[PDB]
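Enquirer: Mind having a look at this structure? Questions to follow.
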Amino acid sequence: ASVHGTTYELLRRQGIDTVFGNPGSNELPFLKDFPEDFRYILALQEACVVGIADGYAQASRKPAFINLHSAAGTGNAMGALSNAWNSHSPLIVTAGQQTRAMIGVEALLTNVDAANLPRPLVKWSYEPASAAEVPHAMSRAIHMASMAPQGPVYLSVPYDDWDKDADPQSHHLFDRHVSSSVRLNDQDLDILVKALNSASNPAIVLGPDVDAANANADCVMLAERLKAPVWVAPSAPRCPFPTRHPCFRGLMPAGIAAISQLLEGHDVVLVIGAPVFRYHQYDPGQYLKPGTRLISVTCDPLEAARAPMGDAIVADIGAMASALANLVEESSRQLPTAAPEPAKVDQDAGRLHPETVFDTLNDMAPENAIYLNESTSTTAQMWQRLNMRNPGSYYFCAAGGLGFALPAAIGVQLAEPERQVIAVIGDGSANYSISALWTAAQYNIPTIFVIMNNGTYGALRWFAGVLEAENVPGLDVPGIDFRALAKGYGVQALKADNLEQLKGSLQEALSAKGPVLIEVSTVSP
Amino acid sequence: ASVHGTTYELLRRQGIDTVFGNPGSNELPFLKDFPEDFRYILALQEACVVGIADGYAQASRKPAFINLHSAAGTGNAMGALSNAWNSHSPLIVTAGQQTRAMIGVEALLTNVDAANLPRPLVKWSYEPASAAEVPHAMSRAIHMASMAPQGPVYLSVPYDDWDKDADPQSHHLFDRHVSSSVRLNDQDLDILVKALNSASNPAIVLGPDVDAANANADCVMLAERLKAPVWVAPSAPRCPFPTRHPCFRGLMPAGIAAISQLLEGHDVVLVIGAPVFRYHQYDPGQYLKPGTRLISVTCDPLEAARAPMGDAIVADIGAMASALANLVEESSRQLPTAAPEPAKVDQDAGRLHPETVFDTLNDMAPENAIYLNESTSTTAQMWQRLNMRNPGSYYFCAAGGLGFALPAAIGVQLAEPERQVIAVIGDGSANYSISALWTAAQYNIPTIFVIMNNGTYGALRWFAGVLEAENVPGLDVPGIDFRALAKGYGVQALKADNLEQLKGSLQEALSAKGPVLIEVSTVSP
Amino acid sequence: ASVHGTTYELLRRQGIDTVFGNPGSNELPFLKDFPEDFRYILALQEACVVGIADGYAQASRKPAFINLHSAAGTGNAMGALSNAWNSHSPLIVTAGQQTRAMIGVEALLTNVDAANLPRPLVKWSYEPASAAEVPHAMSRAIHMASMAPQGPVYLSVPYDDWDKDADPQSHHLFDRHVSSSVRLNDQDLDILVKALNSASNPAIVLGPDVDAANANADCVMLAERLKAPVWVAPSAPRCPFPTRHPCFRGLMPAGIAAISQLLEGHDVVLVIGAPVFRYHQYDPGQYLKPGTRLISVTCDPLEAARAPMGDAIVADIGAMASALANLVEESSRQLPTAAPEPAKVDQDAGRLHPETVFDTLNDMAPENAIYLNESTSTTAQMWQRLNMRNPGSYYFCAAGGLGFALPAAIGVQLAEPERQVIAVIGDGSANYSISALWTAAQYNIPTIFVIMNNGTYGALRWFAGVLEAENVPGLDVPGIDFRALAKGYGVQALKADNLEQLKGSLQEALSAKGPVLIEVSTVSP
Ligand SMILES: Cc1ncc(C[n+]2c([C@@H](O)/C=C/c3cccnc3)sc(CCOP(=O)(O)OP(=O)(O)O)c2C)c(N)n1
Ligand SMILES: Cc1ncc(C[n+]2c([C@@H](O)/C=C/c3cccnc3)sc(CCOP(=O)(O)OP(=O)(O)O)c2C)c(N)n1
Ligand SMILES: Cc1ncc(C[n+]2c([C@@H](O)/C=C/c3cccnc3)sc(CCOP(=O)(O)OP(=O)(O)O)c2C)c(N)n1
Ligand SMILES: [Mg+2]
Ligand SMILES: [Mg+2]
Ligand SMILES: [Mg+2]
């Protein structure tokens, strides 16, 4: 067998059937004779390739495989890798290297010091020392991406390796099963259960690893049992709980003092599947107030180590949420009461308030819609205004790196063909990965893109206000016609300048058989 | 003085007056109170920011200053840094970091292990240990980028540092002059001159550091004196010699055997300002044939170390080319005869052959035009067909990373307002950095973009043919309307489906007062 | 030819004839069939191997070649590499790797992520992608170590590579000559000469790269011409000037304020071959006082970039010192007057004052002795008390890393068989690399080791006093019998408890035919 044939066998035997890629010359020997049972999803720039693969991996809850061109292709993807690191996305990134006989002279397209290029944004990064090692290296990459805490990995392969003979002993790689599905030992889990059972006023805080594990339903049972309010940890990349369940409290503000104040009076705070905490703004104060103690369940030792407070347990979120939900007592306390519905903001016949856009989406979208957010100034309103009943219903760039949602929404729609994906993306953010639109057109992946056009980088105007910063350049982005960009890449395009046109455009998009972009004129901040 | 005021003083005193940027929240404290004598050039994605700055630095022959947002912004620019490394471009890349009080908890937008992110594509990468160190660190970055061999550098600055008090001793940084303008000592330079004077059949090979040094005219005098043919080193990122001078031979093929065969019978080959050599294709054979010896003058120790043959001298290209051109004897041999003009390829009334496009550009463009190439399958024809008399007339992505020429052509046009820039870019390559078009529209930088539309990644079809590789996916890019993309970003757009329309479109673009994009329908390979 | 035969041919053709090593199993395929024209110098621990090679390279002014065992052997040498980085020592460090078929599984003795292990203490670090690349990689290592600014390099080689067939084109590597012997261009050098000629009160400051370049005599001519006082830059690893020449001023204190005060009233300060400056203690103040400007000539861009003041020129120290010494005018000012001799410290019939030891060494050692210092509390007195007329007469660990002088003194003595080496080493410092003594015994390298025994880490007691730090543990080192350690490793040993015994012991050591260790009882601080 060749290294090529052994490698595609390993991939298929490990459940991989799709290559997300932008091809180049060092990759043609890998991509030739492409197997008939695989599919190749082309995107036109590598931030788009990786973002599509990342949405697909997060929604499918399985690793996604990427092929990029040498150093420049890998480099164009590194902002996308920053988000994938923070979302624990299981991405297997491969890149082609020059032929081994050409690496010493540093021929054009040599990836110099290749394994160092994507650091520190990968769990494992490697270039094999010989051709016959490639299948074993690929096996290491698959399992490094897939074991808890999941995350991106990188493998560089000289182009001459693929046609060499494989080691016949590589067959032992094909069916390896590697598990990190673990939970706290019995004795210590009993101590934790008794602490939860004994709390007088527990609170629960959930992060994105809950949605990744599909632990959402177990966390609903846990919160119902403990009769406890549930918040989503700050800077949330996913939604871990039904947002109209009576226990739901919403998204935590990303500030130290704000969070300790919110938790004041709760004696035990159980955090599951989140860093403690992904703060953002400067908001100094106490980490926790007197009388509150915190216990964190995390799948990531790096999260456990850096929490400034609380106890921690490093374990699989699926296994721990299931065990806690089935072991805790049913408290006799009253179930929390549901938050009230948000109010309708006054809306005239002109430009749209963001609040109106989300209320209208909530009114018209199917109950199993999946939303993506890259409308940076409107996140609080989006979290209040969209009823997300089901798992896998929300994604937001986990490292704050713009250029995620447009491509990721195409990958999510590919992963979930029966759930309507609706990406709500600011006019600024839409540009970072605009060419991803072409992949939705070419493959007919029916994502709906809602572009919130207010002419400016609104969140930066907000942060500049907080800092009291004057005379900052570069904050305005006038003069972009999103209908024309959609036409450029083959996507049907609509414009909504008022509420009547928003409703009409959404009814048309929801009825369409392909991807649709709607440019919405929103109010300037 | 604050760190902010001291830093902008250092920049202005070191000749920096322009910030190329895409802003973010960790950078607002740097960008506030932006000085009235500086300009800020916004681009919508960071590969575009860096590419614009890189074209500006290469054409201006001085460092360019960039400001990006944390890890994700820096990561989105890393393919652009791969080209800047290979072109020795003096780029000062700064990125904002979280406030120092928030870095430990890894708050959102913390750039983790920041100085390692852009490695190995930078000469120096650093985050200061305190606020007061920032001006000194910035001074180190300026000089590291600017000293031979020039190249990109990286500095990460916590956002809280800018408002702190500066060290009053920082004033000693402002007027430092650092020189690497050096040449080989007298005794050894005399030995080299005598070897050149004594050669029976010398050849000269020039690389991009000649154009960077503006050593082109000195190299013409040197070649006239020695009566020697002149080639451009393979994979050429710049043009170092007038392409219709009688000594000019053209671009070397990027193969080991091809180059030794070309040099056969030349007793001494003097390479100036190039790696030895930036080969690309697999073309095994002899590095040099019997009877040829090679001497390399390079500004980069890494180039001298990795050459597989020849002697080398590590020195400034400007100083060495000037000294050699003024010291060598006038040989009594006959001056080489000029290459003949290329032939006209037969052209019907349909889609354009690339050869027709370059002949027409050559006929109609001003004699001081500047060209950019990212039409990967047509490079040989472009080098034969365009008469480039002047320095600074050609750029091509030095690491082969697509997404360079569209933004770089805007930076070059900003650097050279009186020279018409014409970027010739394939339909595939045009997508990587398509949003750069918006910066040309917003600032009215009158670059002309010629998009060669043949529907496919043509160079990859070529390389697949060489490899005899069948069933490769992802090679076609149908369905892109470049006129609509230009409209999307505010650039006037024309289409040329035949030669009559090409001539008309070029006459209109050449007469226009702003940037123009022409979509040219070219023949499919 | 095999890779083994081609590599030893490359080494011999590049002037390498000695391997400093501690062998291991991954290195046996390199070391077998060891060529009869090479010598192998064994040391018992890798800090000793590297220190011996470093003294040999610094004294011979040529690269030295080292072979170490995998990761653990390389790791044991990393404190020695820290000194070699700071002294710009041209060291070629090679380490054996597992066979390529065993690297993936991480067999015992695999050097994981090998090229990253010695960073940041090396100029270049690499593992080749195939066996046939090894000779080319070795060529890169030789030239990277040898080009200005010289320094250590690292190459890792899988053990199976040595018996593979070499590429016949590797012969082009054997005779490559690479030069960095460069100086500032004529026009700018004339500007610098005119500034020196015009100065009213110039001062000269010299660093270790002057001694490395053997530029000492040219710097004496330069100082005589300019009639200028000469200081040695602080934290001096070498001696660049005759210490009883009338212009000599001594070692600069390593403090910011102390140095600006020393230079006050000097209008132009020319620094050659030093960082600006290797300060140590906290001594805040002005970098330079009003009226003094500084010009630095350095072979190291990293030094030029980080100087907090002055202009800089990056060039070869030998070439620049020769050009300046031959171009400057003979000033009509009076030649500086020689510093007076140091005073005799009162000495009773008991334990020795360090001052007495250095005066006695100066009285009895030959005029061409070479000294090494690792007696950390006595450096100021050593620099006042030893007349060092000749180049290559002093070495002190350039990064402050103890364990350098004992092994380095053996390498220096091997490099300079006709110059008596005398290492003056504190009782604390002597332990770090004590096993190096065995190499002096086995090869009969007649270094004299003078151990200053005061029972304590004296310099740390001093620094603790400056900090006013009380209750610091670990400062005393009682209970070491250095005569017994010397016996353990086969070196003749003497003890001196008073001045009479010091004189007798030195007369015996100076007359001996092999290495001698003298334990001197010195006064406690
Ligand atoms: C790759 C990249 N580059 C730049 C930034 C900086 N940045 C951003 C940030 O630095 C801050 C992000 C942040 C921080 C906390 C919470 N949410 C977001 S936001 C932004 C403007 C986006 O504008 P738009 O999409 O039109 O939406 P709004 O008008 O609703 O705000 C920018 C530019 C970024 N986050 N990522
Ligand atoms: C960031 C990035 N991603 C991918 C590649 C791979 N690649 C390329 C390469 O891997 C090879 C590049 C090369 C190698 C030697 C010389 N010149 C170029 S070329 C290419 C197609 C570009 O298509 P287009 O612009 O339409 O022009 P042609 O039709 O005339 O060819 C691609 C996609 C690349 N070079 N850079
Ligand atoms: C590898 C290593 N480990 C530890 C140190 C720390 N250190 C040292 C340092 O941290 C400081 C070094 C310094 C700083 C400036 C100038 N000169 C030296 S000195 C020292 C004691 C050495 O004792 P000894 O040899 O008996 O001489 P003295 O009695 O005359 O002082 C020690 C231990 C060190 N420098 N290097
Ligand atoms: Mg906006
Ligand atoms: Mg094309
Ligand atoms: Mg001591």
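Naming scheme: A, B, ... for chains in displayed order of the structure tokens; residues 1 onward per chain; ligands 1 onward as shown.
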Do you know which residues are within 7 Å of ligand 1 using only C-alpha atoms and all ligand atoms? Can you write them as a PDB file with N, CA and C atoms, in the first residue's frame?
Expert:
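Contents of the output file part.pdb:
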ATOM      1  N   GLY A  79      -5.963  33.453  12.301  1.00  0.00           N
ATOM      2  CA  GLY A  79      -7.040  34.085  13.103  1.00  0.00           C
ATOM      3  C   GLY A  79      -8.184  33.110  13.314  1.00  0.00           C
ATOM      4  N   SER A 235     -18.933  35.923  27.751  1.00  0.00           N
ATOM      5  CA  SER A 235     -18.235  35.809  26.446  1.00  0.00           C
ATOM      6  C   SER A 235     -18.592  34.494  25.798  1.00  0.00           C
ATOM      7  N   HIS A 280     -14.059  40.179  30.172  1.00  0.00           N
ATOM      8  CA  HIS A 280     -13.553  41.007  29.096  1.00  0.00           C
ATOM      9  C   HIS A 280     -13.232  42.418  29.592  1.00  0.00           C
ATOM     10  N   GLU A 374     -22.331  37.630  14.812  1.00  0.00           N
ATOM     11  CA  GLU A 374     -21.077  38.426  14.704  1.00  0.00           C
ATOM     12  C   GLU A 374     -21.524  39.886  14.475  1.00  0.00           C
ATOM     13  N   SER A 375     -22.486  40.299  15.334  1.00  0.00           N
ATOM     14  CA  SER A 375     -23.025  41.662  15.328  1.00  0.00           C
ATOM     15  C   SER A 375     -22.624  42.143  16.716  1.00  0.00           C
ATOM     16  N   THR A 376     -21.403  42.678  16.847  1.00  0.00           N
ATOM     17  CA  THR A 376     -20.755  42.795  18.132  1.00  0.00           C
ATOM     18  C   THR A 376     -21.400  43.742  19.131  1.00  0.00           C
ATOM     19  N   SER A 377     -22.134  44.742  18.643  1.00  0.00           N
ATOM     20  CA  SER A 377     -22.743  45.723  19.554  1.00  0.00           C
ATOM     21  C   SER A 377     -24.143  45.313  20.003  1.00  0.00           C
ATOM     22  N   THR A 378     -24.665  44.169  19.509  1.00  0.00           N
ATOM     23  CA  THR A 378     -26.043  43.814  19.764  1.00  0.00           C
ATOM     24  C   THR A 378     -26.228  42.494  20.517  1.00  0.00           C
ATOM     25  N   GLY A 400     -13.214  36.087  19.975  1.00  0.00           N
ATOM     26  CA  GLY A 400     -13.557  37.433  19.550  1.00  0.00           C
ATOM     27  C   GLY A 400     -13.007  37.709  18.167  1.00  0.00           C
ATOM     28  N   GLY A 401     -12.478  36.727  17.447  1.00  0.00           N
ATOM     29  CA  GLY A 401     -11.884  36.990  16.125  1.00  0.00           C
ATOM     30  C   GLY A 401     -12.950  37.036  15.039  1.00  0.00           C
ATOM     31  N   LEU A 402     -13.156  38.223  14.487  1.00  0.00           N
ATOM     32  CA  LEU A 402     -14.158  38.400  13.408  1.00  0.00           C
ATOM     33  C   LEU A 402     -13.736  37.684  12.171  1.00  0.00           C
ATOM     34  N   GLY A 403     -14.735  37.301  11.384  1.00  0.00           N
ATOM     35  CA  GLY A 403     -14.511  36.428  10.199  1.00  0.00           C
ATOM     36  C   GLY A 403     -14.860  34.981  10.480  1.00  0.00           C
ATOM     37  N   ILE A 425     -24.864  39.218  11.199  1.00  0.00           N
ATOM     38  CA  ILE A 425     -23.440  39.635  11.085  1.00  0.00           C
ATOM     39  C   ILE A 425     -23.385  41.124  10.827  1.00  0.00           C
ATOM     40  N   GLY A 426     -22.563  41.841  11.584  1.00  0.00           N
ATOM     41  CA  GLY A 426     -22.442  43.299  11.363  1.00  0.00           C
ATOM     42  C   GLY A 426     -21.815  43.605  10.014  1.00  0.00           C
ATOM     43  N   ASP A 427     -22.028  44.836   9.529  1.00  0.00           N
ATOM     44  CA  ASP A 427     -21.436  45.241   8.231  1.00  0.00           C
ATOM     45  C   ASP A 427     -19.912  45.239   8.344  1.00  0.00           C
ATOM     46  N   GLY A 428     -19.362  45.542   9.510  1.00  0.00           N
ATOM     47  CA  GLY A 428     -17.896  45.468   9.609  1.00  0.00           C
ATOM     48  C   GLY A 428     -17.381  44.039   9.541  1.00  0.00           C
ATOM     49  N   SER A 429     -17.931  43.206  10.406  1.00  0.00           N
ATOM     50  CA  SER A 429     -17.537  41.795  10.470  1.00  0.00           C
ATOM     51  C   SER A 429     -17.750  41.052   9.162  1.00  0.00           C
ATOM     52  N   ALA A 430     -18.732  41.440   8.358  1.00  0.00           N
ATOM     53  CA  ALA A 430     -19.029  40.685   7.169  1.00  0.00           C
ATOM     54  C   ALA A 430     -17.838  40.614   6.175  1.00  0.00           C
ATOM     55  N   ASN A 453     -26.483  46.555   8.872  1.00  0.00           N
ATOM     56  CA  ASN A 453     -25.721  47.638   8.346  1.00  0.00           C
ATOM     57  C   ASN A 453     -25.949  48.955   9.035  1.00  0.00           C
ATOM     58  N   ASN A 454     -25.076  49.320   9.959  1.00  0.00           N
ATOM     59  CA  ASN A 454     -25.137  50.654  10.603  1.00  0.00           C
ATOM     60  C   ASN A 454     -23.969  51.557  10.237  1.00  0.00           C
ATOM     61  N   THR A 456     -20.713  51.473  10.704  1.00  0.00           N
ATOM     62  CA  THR A 456     -19.617  51.764  11.644  1.00  0.00           C
ATOM     63  C   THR A 456     -19.220  50.507  12.388  1.00  0.00           C
ATOM     64  N   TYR A 457     -18.057  50.548  13.018  1.00  0.00           N
ATOM     65  CA  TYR A 457     -17.652  49.514  13.994  1.00  0.00           C
ATOM     66  C   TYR A 457     -18.266  49.894  15.340  1.00  0.00           C
ATOM     67  N   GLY A 458     -19.535  49.552  15.531  1.00  0.00           N
ATOM     68  CA  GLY A 458     -20.315  50.077  16.694  1.00  0.00           C
ATOM     69  C   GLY A 458     -19.751  49.695  18.026  1.00  0.00           C
ATOM     70  N   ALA A 459     -19.288  48.454  18.180  1.00  0.00           N
ATOM     71  CA  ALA A 459     -18.778  48.015  19.494  1.00  0.00           C
ATOM     72  C   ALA A 459     -17.529  48.820  19.836  1.00  0.00           C
ATOM     73  N   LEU A 460     -16.736  49.198  18.834  1.00  0.00           N
ATOM     74  CA  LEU A 460     -15.554  50.004  19.147  1.00  0.00           C
ATOM     75  C   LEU A 460     -15.904  51.406  19.509  1.00  0.00           C
TER      76      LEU A 460
ATOM     77  N   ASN B  22      -6.276  47.824  11.186  1.00  0.00           N
ATOM     78  CA  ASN B  22      -7.689  47.465  11.349  1.00  0.00           C
ATOM     79  C   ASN B  22      -7.812  47.510  12.888  1.00  0.00           C
ATOM     80  N   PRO B  23      -8.620  48.425  13.411  1.00  0.00           N
ATOM     81  CA  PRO B  23      -8.612  48.705  14.848  1.00  0.00           C
ATOM     82  C   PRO B  23      -9.359  47.650  15.659  1.00  0.00           C
ATOM     83  N   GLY B  24      -9.068  47.620  16.959  1.00  0.00           N
ATOM     84  CA  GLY B  24      -9.802  46.795  17.909  1.00  0.00           C
ATOM     85  C   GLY B  24      -9.715  47.384  19.303  1.00  0.00           C
ATOM     86  N   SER B  25     -10.320  46.678  20.267  1.00  0.00           N
ATOM     87  CA  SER B  25     -10.511  47.302  21.560  1.00  0.00           C
ATOM     88  C   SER B  25      -9.228  47.435  22.354  1.00  0.00           C
ATOM     89  N   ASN B  26      -8.273  46.505  22.185  1.00  0.00           N
ATOM     90  CA  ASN B  26      -6.979  46.593  22.901  1.00  0.00           C
ATOM     91  C   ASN B  26      -6.093  47.696  22.320  1.00  0.00           C
ATOM     92  N   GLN B  45      -9.685  43.819   6.521  1.00  0.00           N
ATOM     93  CA  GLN B  45      -9.211  42.519   7.015  1.00  0.00           C
ATOM     94  C   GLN B  45      -7.650  42.627   7.060  1.00  0.00           C
ATOM     95  N   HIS B  69      -5.241  43.893  15.802  1.00  0.00           N
ATOM     96  CA  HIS B  69      -5.966  43.565  17.030  1.00  0.00           C
ATOM     97  C   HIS B  69      -5.549  42.185  17.557  1.00  0.00           C
ATOM     98  N   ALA B  72      -6.163  37.365  17.124  1.00  0.00           N
ATOM     99  CA  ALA B  72      -6.946  37.030  15.931  1.00  0.00           C
ATOM    100  C   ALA B  72      -6.541  37.940  14.782  1.00  0.00           C
ATOM    101  N   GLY B  73      -6.342  39.246  15.060  1.00  0.00           N
ATOM    102  CA  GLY B  73      -5.932  40.167  14.016  1.00  0.00           C
ATOM    103  C   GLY B  73      -4.541  39.817  13.468  1.00  0.00           C
ATOM    104  N   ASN B  76      -4.808  36.634  11.342  1.00  0.00           N
ATOM    105  CA  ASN B  76      -5.366  36.828  10.012  1.00  0.00           C
ATOM    106  C   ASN B  76      -4.282  37.401   9.060  1.00  0.00           C
ATOM    107  N   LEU B 108     -11.013  37.415  27.701  1.00  0.00           N
ATOM    108  CA  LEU B 108     -11.234  37.519  26.261  1.00  0.00           C
ATOM    109  C   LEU B 108     -10.296  38.575  25.666  1.00  0.00           C
TER     110      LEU B 108
END
Enquirer: Tell me, as a list in words, which residues lie within 7 Å of range 387-394 of chain A, counting only C-alpha atoms; anything in the same chain fewer than 3 positions away does not count.
Expert: residues 59, 211, 214, 216, 238, 239, 240, 242, 243, 244, 362, 368, 369, 370, 371 and 372 of chain A
Enquirer: Grab the residues selected above and save them as a CSV table (one decimal), in the first residue's frame with N, CA, C and O atoms.
Expert:
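Saved result, out.csv, follows:
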chain,number,residue,atom,x,y,z
A,59,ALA,N,-21.0,21.8,15.2
A,59,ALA,CA,-22.4,21.4,15.1
A,59,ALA,C,-22.5,19.8,15.1
A,59,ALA,O,-23.4,19.2,15.6
A,211,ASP,N,-22.7,22.5,25.7
A,211,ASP,CA,-23.3,22.3,24.4
A,211,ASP,C,-22.4,21.3,23.5
A,211,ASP,O,-23.0,20.5,22.8
A,214,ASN,N,-23.3,18.0,24.3
A,214,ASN,CA,-24.8,17.6,24.2
A,214,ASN,C,-25.3,17.3,25.7
A,214,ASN,O,-26.1,16.4,25.9
A,216,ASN,N,-26.7,19.5,27.5
A,216,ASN,CA,-27.8,20.4,27.8
A,216,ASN,C,-29.0,19.9,28.6
A,216,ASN,O,-29.4,20.4,29.6
A,238,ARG,N,-21.2,29.5,22.7
A,238,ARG,CA,-22.3,28.5,22.4
A,238,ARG,C,-23.5,28.8,23.4
A,238,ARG,O,-23.3,29.5,24.4
A,239,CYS,N,-24.6,28.2,23.1
A,239,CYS,CA,-25.7,28.3,24.1
A,239,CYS,C,-25.9,26.9,24.7
A,239,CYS,O,-26.3,25.9,24.1
A,240,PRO,N,-25.8,26.8,26.1
A,240,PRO,CA,-25.9,25.5,26.8
A,240,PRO,C,-27.2,25.1,27.4
A,240,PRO,O,-27.2,24.2,28.2
A,242,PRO,N,-31.9,25.8,27.4
A,242,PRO,CA,-33.0,26.5,26.7
A,242,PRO,C,-33.3,27.9,27.3
A,242,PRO,O,-33.5,28.0,28.6
A,243,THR,N,-33.4,28.9,26.5
A,243,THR,CA,-33.4,30.3,27.0
A,243,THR,C,-34.7,30.8,27.5
A,243,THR,O,-34.8,31.9,28.0
A,244,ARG,N,-35.8,29.9,27.4
A,244,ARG,CA,-37.1,30.3,28.0
A,244,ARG,C,-37.4,29.3,29.1
A,244,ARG,O,-38.5,29.3,29.6
A,362,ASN,N,-37.2,36.1,15.8
A,362,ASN,CA,-37.9,35.1,16.8
A,362,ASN,C,-39.3,34.8,16.3
A,362,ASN,O,-39.7,33.6,16.5
A,368,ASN,N,-36.5,25.2,15.5
A,368,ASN,CA,-35.2,24.6,15.5
A,368,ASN,C,-34.2,25.3,14.7
A,368,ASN,O,-33.2,24.8,14.3
A,369,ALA,N,-34.4,26.6,14.5
A,369,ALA,CA,-33.3,27.5,13.8
A,369,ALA,C,-32.0,27.4,14.6
A,369,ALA,O,-32.0,27.1,15.8
A,370,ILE,N,-30.9,27.6,13.9
A,370,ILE,CA,-29.6,27.8,14.5
A,370,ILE,C,-29.2,29.2,14.2
A,370,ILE,O,-29.1,29.6,13.0
A,371,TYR,N,-28.7,29.9,15.2
A,371,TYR,CA,-28.3,31.3,15.0
A,371,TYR,C,-26.8,31.4,15.1
A,371,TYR,O,-26.2,30.8,15.9
A,372,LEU,N,-26.2,32.3,14.4
A,372,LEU,CA,-24.8,32.7,14.6
A,372,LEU,C,-24.8,34.2,14.8
A,372,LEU,O,-25.5,35.0,14.2
Enquirer: Using only C-alpha atoms, select each residue of chain C with any atom at most 9 Å away from an atom of chain B, and give the selection as a PyMOL selection string.
Expert: chain C and resi 136-137+139-144+147-148+169-186+188+285-288+301-302+304-315+319-320+323
Enquirer: From the set B:406, B:66, B:259, B:28, which residue has the shortest atom-to-atom contact distance to residue 40 in chain B, counting only C-alpha atoms?
Expert: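 Of B:406, B:66, B:259, B:28, the one nearest residue 40 in chain B, counting only C-alpha atoms, is B:66.
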Enquirer: Identify, with DSSP run on backbone atoms, the residues in range 82-325 of chain C assigned to helix (DSSP H, G or I), and express the list as a PyMOL selection string.
Expert: chain C and resi 82-86+100-103+114-116+131-146+159-161+168-173+186-198+208-213+216-226+256-263+301-306+317-325
Enquirer: Using Å and a single decimal, report how far CA of residue 201 in chain B sits from CA of residue 265 in chain B.
Expert: 7.3 Å
Enquirer: What's the 12 Å shell around residue 504 in chain A, counting only C-alpha atoms, without same-chain residues fewer than 6 positions away, as a ChimeraX atom specification?
Expert: /A:360-361,364,494-498,510-511,518,520
